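Worksheet for the structure shown next.
Number of protein chains: 2
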Amino acid sequence: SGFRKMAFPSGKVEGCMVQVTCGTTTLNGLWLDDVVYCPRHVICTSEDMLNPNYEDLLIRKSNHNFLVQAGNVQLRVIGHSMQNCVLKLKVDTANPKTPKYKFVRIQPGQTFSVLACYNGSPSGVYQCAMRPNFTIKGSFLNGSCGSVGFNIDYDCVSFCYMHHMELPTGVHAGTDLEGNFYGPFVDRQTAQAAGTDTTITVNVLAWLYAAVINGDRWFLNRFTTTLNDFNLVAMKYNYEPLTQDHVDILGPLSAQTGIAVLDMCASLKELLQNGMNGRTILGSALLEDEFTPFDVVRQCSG
Amino acid sequence: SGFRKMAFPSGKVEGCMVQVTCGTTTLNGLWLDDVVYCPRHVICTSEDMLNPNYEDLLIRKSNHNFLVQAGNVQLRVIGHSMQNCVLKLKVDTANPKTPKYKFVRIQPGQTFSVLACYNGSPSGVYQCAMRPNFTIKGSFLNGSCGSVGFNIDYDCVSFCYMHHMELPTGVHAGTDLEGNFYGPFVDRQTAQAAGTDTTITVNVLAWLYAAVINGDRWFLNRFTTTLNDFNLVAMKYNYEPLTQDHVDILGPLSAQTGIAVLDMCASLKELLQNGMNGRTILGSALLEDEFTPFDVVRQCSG
Ligand SMILES: CN(C)C(=O)COc1ccc2ccccc2c1
Ligand code: NA
Numbered sequence: 001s002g003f004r005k006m007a008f009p010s011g012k013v014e015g016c017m018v019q020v021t022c023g024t025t026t027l028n029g030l031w032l033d034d035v036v037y038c039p040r041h042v043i044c045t046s047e048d049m050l051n052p053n054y055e056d057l058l059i060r061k062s063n064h065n066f067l068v069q070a071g072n073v074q075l076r077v078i079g080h081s082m083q084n085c086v087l088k089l090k091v092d093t094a095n096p097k098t099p100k101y102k103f104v105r106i107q108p109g110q111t112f113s114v115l116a117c118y119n120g121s122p123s124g125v126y127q128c129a130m131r132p133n134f135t136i137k138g139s140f141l142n143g144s145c146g147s148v149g150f151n152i153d154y155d156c157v158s159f160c161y162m163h164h165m166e167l168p169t170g171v172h173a174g175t176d177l178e179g180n181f182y183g184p185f186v187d188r189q190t191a192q193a194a195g196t197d198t199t200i201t202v203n204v205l206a207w208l209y210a211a212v213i214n215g216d217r218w219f220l221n222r223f224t225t226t227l228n229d230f231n232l233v234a235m236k237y238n239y240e241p242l243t244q245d246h247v248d249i250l251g252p253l254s255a256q257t258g259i260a261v262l263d264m265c266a267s268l269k270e271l272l273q274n275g276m277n278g279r280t281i282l283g284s285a286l287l288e289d290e291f292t293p294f295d296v297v298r299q300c301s302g
Numbered sequence: 001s002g003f004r005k006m007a008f009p010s011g012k013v014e015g016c017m018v019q020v021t022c023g024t025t026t027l028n029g030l031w032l033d034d035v036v037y038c039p040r041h042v043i044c045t046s047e048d049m050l051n052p053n054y055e056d057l058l059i060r061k062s063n064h065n066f067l068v069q070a071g072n073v074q075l076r077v078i079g080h081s082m083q084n085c086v087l088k089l090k091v092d093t094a095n096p097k098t099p100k101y102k103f104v105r106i107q108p109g110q111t112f113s114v115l116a117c118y119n120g121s122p123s124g125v126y127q128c129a130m131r132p133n134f135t136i137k138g139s140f141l142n143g144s145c146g147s148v149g150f151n152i153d154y155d156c157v158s159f160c161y162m163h164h165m166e167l168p169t170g171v172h173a174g175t176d177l178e179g180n181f182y183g184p185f186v187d188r189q190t191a192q193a194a195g196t197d198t199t200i201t202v203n204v205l206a207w208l209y210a211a212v213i214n215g216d217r218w219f220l221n222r223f224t225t226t227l228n229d230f231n232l233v234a235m236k237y238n239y240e241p242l243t244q245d246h247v248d249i250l251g252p253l254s255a256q257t258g259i260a261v262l263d264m265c266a267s268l269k270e271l272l273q274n275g276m277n278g279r280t281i282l283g284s285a286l287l288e289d290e291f292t293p294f295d296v297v298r299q300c301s302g
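Heads up: the sequence lines are chains B and A, in that order. Going by the entry's author numbering, the letters in the first sequence line up with residues 1 to 302, in that order. Going by the entry's author numbering, the letters in the second sequence line up with residues 1 to 302, in that order.
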C-alpha cells in the first residue's frame, strides 16, 4: 500500500553526467557513447544573452576551447556540431557506462524524473511532469543547466528533457535531446513568459482511481456526466480539456475499479465545486495532477 | 528556484541490491563486501510467521537453502547468521560495486531516501521521514521487503533503514541495518498498530523558511514569541515540542532570510490557530513536515 511521487533510480543517468566548460561558463553535459550533449548557450558571453548568433559564435571556437571533465578525468574533444539548441561535442573516449538509451520527445501531461546536477556531479533526483504550457515546475539553482529528465523502461533510459533556463515566474524551460525546445521558448534572455497553466485533467482522474484502488471512496457520488458538460465545467476551473483519447486511456483503471470514466468525471466535478471539506485524498489536500494513468497502474499493480 | 521533495542519487545503492530466495519466498538483499543483508523473516513459512522461533528455524536451514542472484549471476552462500532481525548471508565473492558506507541509526524526524526494489531490481526512489511514531509513509507492494533507506554524505552511503512490513493502516515499519526495529514492532504476524502520530515542528519551520527563500511571504507577520508560549500551542495542535536545540539548528536559515526563528514560530502559531485562508505555501494546502533544516539548506543554497 501507500502512494508516493516516486522517481526512477538515477544510477544509469549518473554514469553519464559530465562537466562542460567554455570560457568562464561551466554547466552539465550528458555523455553517451562518444558524444557529449549540452545546451548551446554554454558558448555565450555576457554580451550575447540577448541576441546571440550561435552560428557566428560557434564557428570561432576550436575543439580545445571546450573542456569536458568526467570525474577526475579530462575528456578530449575531437569535434563539435550544433543540432538546434544543443551542442554535440565529439570526444575521443566512448562512455563505458553508457546504458541502453533512446531520445523521445514527450507531450504535455507526461511525467519523468530529473537528475539535478552541478559541475557534472548529481545532486538529487525528483519526479516532474511536462505542464500544459510546456514548462516544468522543477528545482534548479544556477549551474544546473544541462541536467536531464528521463524515464526508464526495463534497462532502457529514454531521455526526454535537457534543462536550459528559468523563466521569471520561477518555472523552467528546456529541450528534448535533439535540441528542440518544449513550447514557444528560445535560448535568448529577452522577454518571454509561459502561457497560463492549467491542471492536467486526465492525470487527476487517474490519481482519483489510485485513491479508490488504495481503498478511499468518500468523494464518489451517484451522478454521471456527459463529456461535453464535464469539459464546460472543468474549463471554468482552468482544467485541461478531457478528450476521447483520455477517456480511452483511462479504460483499464475504470475496469479495475468498476467505476466508469464519466462517473469519475462526475466525482471530479463535485470535488471542484465542494473542495475537500477538511479531508485528504492519498494524503493531499489538493487534487494531484503529476501521476499519469500509466504511472498509477505501475505503482499499484507492479 | 523551485522546491521539490528530492531523493539522493541512488546509483551507489542500486549496485548493491540482489535477489534473495528461501523456499517459496523471494525478497531483496543488500550486498556489501562479501555479506548479503536481508530480513530474517525470509526463512519463515506463512504458518511459521504466526509464532516464529527464528534461531530454531535457522538451525534447520543450510547455506544451500539460500539462493542469491546478483542480476544474472547466482552468488554462492558459504555461511549464515542472524543479528537481531536481519539475516547475514556470507557469500563467496565480494561485491565489486561496494561503495564507501556505514550503518547508522536515524532519529525520528530525520529524512532518508528509499530505494524500492522487487526481485532484486531497483524500481523507484523516494524521500521519507522517520515519523515520531517510528513508522514511515512509503509505497511498497508485495516483494519489496529488503528495500533500503539511506543518506549520502560526501561519497559515503549511510544505510539507515531496511523494510520489513506494512501495518494495517498502510504505513510501514522496518529495522536499521543492525536489525533493531524502529518502533515497538516485531517481525511476527500478530496484531500490531501504528501509535498516534505527531507533526515534526522543526521540519515545518524549515519548510516555511524554504518558502520565504522561494518568494512565498504572505504568512509572515509583525509578531514574535517565546518557546514556552509556542510549545503551549504546539502541544495543543499535536506538534512535537520545539526544543532549544531546534532553534539553534534553524539558525542558518534564520540568518539567510532575516526572519528569526521565534519570529517564524509566530507565523506558524497564527497558521495553526487560524488556517491558511484559502492560500497555499509552496503549492501545498497542508503544512509539510518531511523536510529537515539540512534538506532545505542543501536544496536552496547548497
Ligand atoms: C513513475 N515511476 C518513477 C515508475 O513507474 C518507477 O518504475 C517502476 C517500476 C516497477 C515498479 C514495480 C512496483 C511498484 C512500482 C514500480 C515502479
Ligand atoms: Na512574525
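By construction, the Cβ of each residue, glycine as well, lies at the ideal position given by its N, Cα and C atoms.
The beta-carbon of residue 130/A is placed no less than 7 Å from the nearest beta-carbon of chain B. Pairing residue 242/A with residue 293/A gives a Cβ-Cβ distance that is not under 7 Å. Note on geometry: alpha-carbon atoms of residue 191/B and residue 31/A lie some 53 Å from one another. Remark: C-beta atoms of residue 18/B and residue 2/B do not approach each other more closely than 7 Å.
Relative to the Cα of residue 65/A, the nearest Cα in the group 97/A, 85/A, 247/A, 26/A belongs to 26/A. Shown here, residue 162/A sits in a strand according to DSSP, grouped into three states. If you compare the alpha carbons of 71/B, 220/B, 33/B, 284/B with that of residue 120/B, the shortest gap goes to 71/B. When 8 Å is used as the limit between beta carbons, residue 116/A is near these residues of chain B: 6, in chain order.
Using a CB distance cut-off of 7 Å, residue 251/A does not count as an interface residue toward chain B.
Interface criterion met: the Cβ of residue 9/A is under 7 Å from a Cβ in chain B. Under DSSP, residue 111/B takes part in a beta bridge, and its partners are 129/B.
Within the region 26-60 of chain B, the runs of beta strand (DSSP E) that reach at least 3 residues and sit entirely inside it are, in chain order, 35-39.
Scanning 124/A, 273/A, 111/A for the CA closest to the CA of residue 232/A turns up 273/A. Residue 77/B is bridged by DSSP to 91/B. What you get when you keep residues with a C-beta closer than 7 Å to any heavy atom of ligand 2 is 220/A, 221/A, 222/A, 223/A, 224/A, 263/A, 264/A, 266/A, 267/A. Close to chain A, meaning a Cβ-Cβ distance shorter than 9 Å, are the following residues of the region 264-288 of chain B: 276, 280, 283, 284, 285, 286. Chain order gives no chain A residues near residue 237/B, where near means a beta carbon separation below 9 Å; the closest approach is about 14 Å.
Non-local beta-carbon contacts of residue 166/B in its own chain, meaning distances under 8 Å to residues more than five positions away in sequence, involve 140, 172, 173 in chain order. Rounded to whole angstroms, the separation of the alpha carbons of residue 236/A and residue 109/B is 41 Å.
Of the candidates 255/B, 196/B, 188/B, 188/B places its Cα closest to the Cα of residue 39/B. Its Cα nearest to that of residue 131/B, the residue 202/B stands out among 202/B, 46/B, 234/B, 33/B.
Closer than 6 Å to some heavy atom of ligand 1: that does not describe the Cβ of residue 107/B. The residue among 176/B, 123/B, 118/B, 136/B with its C-alpha nearest the C-alpha of residue 153/A is 123/B.
Residue 153/A: member of the beta strand (DSSP E) spanning 148-153, first to last residue. With a cutoff of 6 Å, residue 256/B does not count as near ligand 1, since its C-beta is closer than that to no heavy atom of the ligand.
The closest heavy atom of ligand 1 lies 6 Å or more from the beta carbon of residue 147/A. In this structure, DSSP gives residue 106/A a state outside helix and strand, which the three-state scheme calls coil. Here the region 275-288 of chain A makes contact with the region 204-222 of chain A; the two share three or more CB pairs at distances below 8 Å. Chain A has a Cβ within less than 7 Å of the Cβ of residue 139/B. DSSP places residue 265/B in the uninterrupted alpha helix (DSSP H) bounded by 261-274. In the three-state reduction of the DSSP assignment, residue 118/A falls in the strand class. Residues whose Cβ lies closer than 7 Å to any heavy atom of ligand 1, listed in chain order: 6/B, 7/B, 8/B, 111/B, 113/B, 127/B, 152/B, 295/B, 298/B, 299/B, 302/B, 116/A, 118/A, 123/A, 124/A, 141/A. The distance from the Cβ of residue 151/A to that of residue 103/A is about 12 Å, inconsistent with a contact at the 8 Å cut-off. For residue 209/A, the secondary structure class from DSSP, reduced to helix, strand or coil, is helix.
Contact with chain B is absent for residue 209/A, since none of that chain's Cβ atoms lies less than 7 Å from the residue's Cβ. Note on geometry: alpha-carbon atoms of residue 184/B and residue 255/B lie some 38 Å from one another.
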